[PDB]
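Peer 1: can't give you the sequence, but here's the structure:
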């Protein structure tokens, strides 16, 4: 699967986490399984290309534009 789909999943996880930390603060809210994975996703990049952060950002922007066009 492409990087952009992974970032879409990351956005979903972000919404999950913000909901959990904005509702339980008014255990699940004390430990999170996916955080480590996120760390890996942040470190699994080339900062020197096939897996450079520039290419990933371009792909993400392309997917965002495609989604905007589809939902237009």
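Peer 2: Okay, I see it. Numbering: from 1, shown residues only.
Peer 1: mind giving me the packing neighbours of the longest helix seen in the chain?
Peer 2: In terms of residue count, the longest helix belonging to the chain (DSSP state H) is helix 3-23. Using 3 or more CB pairs under 8 Å, 6 or more residues apart in numbering; DSSP states H and E as the contact criterion, the neighbours of helix 3-23 among helices and strands are helix 35-43, helix 53-71. Quick note: C-beta positions are derived from backbone N, CA and C, even for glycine.
Peer 1: in that helix, what's buried?
Peer 2: By 16 or more other CB atoms under 10 Å, the buried positions in helix 3-23 come out as 3, 4, 7, 8.
Peer 1: once you drop chain neighbours, what's closest to the second one?
Peer 2: Which is residue 4. Sequence neighbours aside, residue 63 is the residue nearest to residue 4 in space, at 3.9 Å (criterion: CB to CB, 6 or more residues apart in numbering).
Peer 1: what's the burial count for that neighbour?
Peer 2: For residue 63, the tally of surrounding residues (other CB atoms under 10 Å) stands at 16.
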